[PDB]
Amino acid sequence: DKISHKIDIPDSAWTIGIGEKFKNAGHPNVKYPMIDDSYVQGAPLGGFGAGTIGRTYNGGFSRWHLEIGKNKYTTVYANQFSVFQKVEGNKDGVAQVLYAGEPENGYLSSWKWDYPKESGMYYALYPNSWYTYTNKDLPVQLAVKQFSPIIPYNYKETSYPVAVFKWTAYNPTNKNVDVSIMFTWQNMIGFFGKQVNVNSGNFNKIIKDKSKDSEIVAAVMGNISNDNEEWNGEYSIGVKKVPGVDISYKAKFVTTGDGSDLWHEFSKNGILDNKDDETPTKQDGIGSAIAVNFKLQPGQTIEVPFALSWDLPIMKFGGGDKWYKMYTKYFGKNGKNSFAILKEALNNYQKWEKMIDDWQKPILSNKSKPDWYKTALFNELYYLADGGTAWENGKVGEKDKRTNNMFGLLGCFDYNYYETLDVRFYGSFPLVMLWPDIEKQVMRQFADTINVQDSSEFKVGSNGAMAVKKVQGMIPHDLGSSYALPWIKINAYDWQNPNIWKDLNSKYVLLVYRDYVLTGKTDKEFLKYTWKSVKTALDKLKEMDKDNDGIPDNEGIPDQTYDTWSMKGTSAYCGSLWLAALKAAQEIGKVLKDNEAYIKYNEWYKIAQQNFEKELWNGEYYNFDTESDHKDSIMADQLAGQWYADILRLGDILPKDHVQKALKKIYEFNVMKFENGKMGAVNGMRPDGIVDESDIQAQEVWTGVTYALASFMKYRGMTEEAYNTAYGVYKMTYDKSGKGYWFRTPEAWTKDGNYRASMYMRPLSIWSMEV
């Protein structure tokens, strides 16, 4: 490895060998069908709301999130980088696809597949990833840095459907070597969203854009139709000329063929035919190729940038609504703008790299934090782009343009609900901290739903009872499903009835006040906007107190985020959330000078606090609840309200001494007596130190609950416990001794390491550790 020295990969990047097999991968632990795409994954490319593309550590473009809200894992084999190398004075060169694998059928059989093992490495520190190629048969060593411009406090470039591939080539040998790097891409119009005639009308054109000191050559892969539909638009790949490289191209090769139309050119001398051909295809798949060729002298280094863009302006959901994606604000809505996007990337990628470095450097340069923590902190952010992220710039056919751009991030793909609020309580830390204008827009979207009534009915999955879809004054579970109508039909979730949940209204209030505090305690307008909904939310939750202790009663069913685990009476979890929400509402009361609300919630608070303490404090920790069979279970998340109170600077809702004892107990039991403290915090443990078997969820570690708990321990000075707790989640996700969940962190695992719900929003809570 002579190439690593020539580039700058951070030590905290996650690493794996190109072509590495992983032996101990986990699988779903439920009996119903559940996504399991394998451990062959990588950091995604693409902006927020753009559709994302998962290029894996093996090199393949395989995890397709271009259909917003869907996850489609299939390798499009034509999509590759390939290399040609010939030593000066040799008869022939070698040509190799940089993909550790091969097609399943006979298409592209002429290409050289199966990039060998132990010949290069993949590195990721989101939004960057790298590959290095260190192959005994490639005398010139190569590396690529690939990224999209995902940049905190930037809502523009962060939306772009673009990726940059910055290549570095270095010749450590004593002879001149001729080198070519070729990008191939299938015209993927019709890959989704098109019913019939799926390749028909696809065509490819070549753009050559020359100004002084800027030459760009690109392929634009579109369709002859000018229809404005979800399926139609353009892909582009291209390259920017640098000194000492020549560009060649091929407009049209057949992907549903042996590939020799392209490969017979590339494998001769690494130079393509420069043959333009806009002839549209009918049945056959087609693709384009862009190549650079250069001679490297001994000791010489060369850098060349490629890019990929995709202008697919319309997203369609299952309920029938069609929306424009966010980036259309910057480039247009007609689906004929892929070249503009690509050019902007090729001309500005160096600025974008520095903007990324500028936001990563304060964390990376902090020598008090271990590398593993930096690995997790940055790489968990993959989900912001990969979580089916929807970001609208108008409804298709909309008359009056609106001021705001609605946003949604999925809870996950198996439970396909937008902004699942009981989950976003944990998972939304990166948005409030790094993209606060998005965070505030989402919370306003929730404010707007408080008094919505929808008397249409649904069957509650867990019991078979019919229930009302949306009750006035109850915050919704979610803002819809990508299978139905995001932002329009709320409460797509139906396993339980969210209108009787005891955590949603509380969590909503805590999120509102969190978003004011963590953006500098200045946004009174935001508190103004949300105030009526906050009062309504708390007032409705108060009505669910049935024995007048001042606290909502859990109803002996799962009526909160732990939606198969029954709570009954006053629970530590919903009880502490209630207390904190009440105290947050007092403070909003003072800021907005609503002394009536202040007095009201202050008296509710003092009564509930006294009773919470009496009912649940047992001398060592807070009991699970007052009325369940396993009421004395030690719950990892028992003091979630106080966790948030620390972040919101609300002081102590429970006594310092009791919180410390409770946290030490949780570490001693839920962490250290669960698989020797190496897998996070199990949710429920019996006081005899055996895991609570009342429900599956009690026997699960929740990744986002565990990272949040680590945050809580950290604010309370339990530094070792905090990082030891979080480390188990890191280890299971990323480490060789884990279960292979990189770039698909799940909700949960059980003691055997098998998982539930990969690609999950909750573990974004790791960012609470940076408050």
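In this text, residue numbers run from 1 along the sequence as written.
Looking at 595-603 and 276-284 together, the entry lists the larger mean B-factor for 595-603, computed on C-alpha atoms.
For the two regions 147-155 and 169-177, the entry's Cα B-factors average higher over 169-177. The maximum CA B-factor among the listed residues 321, 692, 353, 261, taken from the PDB record, is found at 692. Per the PDB record, 466 has a higher Cα B-factor than any other of 342, 466, 421, 217. In the PDB entry, residue 366 places in the middle third of its chain by CA B-factor. The PDB entry assigns residue 751 a C-alpha temperature factor belonging to the middle third of its chain's modelled residues. Among the modelled residues of its chain, residue 708 has a C-alpha B-factor that falls in the middle third, as given in the PDB entry. Among all modelled residues in its chain, residue 374 ranks in the lowest third by Cα B-factor. In the deposited entry, the Cα temperature factor of residue 717 sits in the top third of values across the chain's modelled residues.
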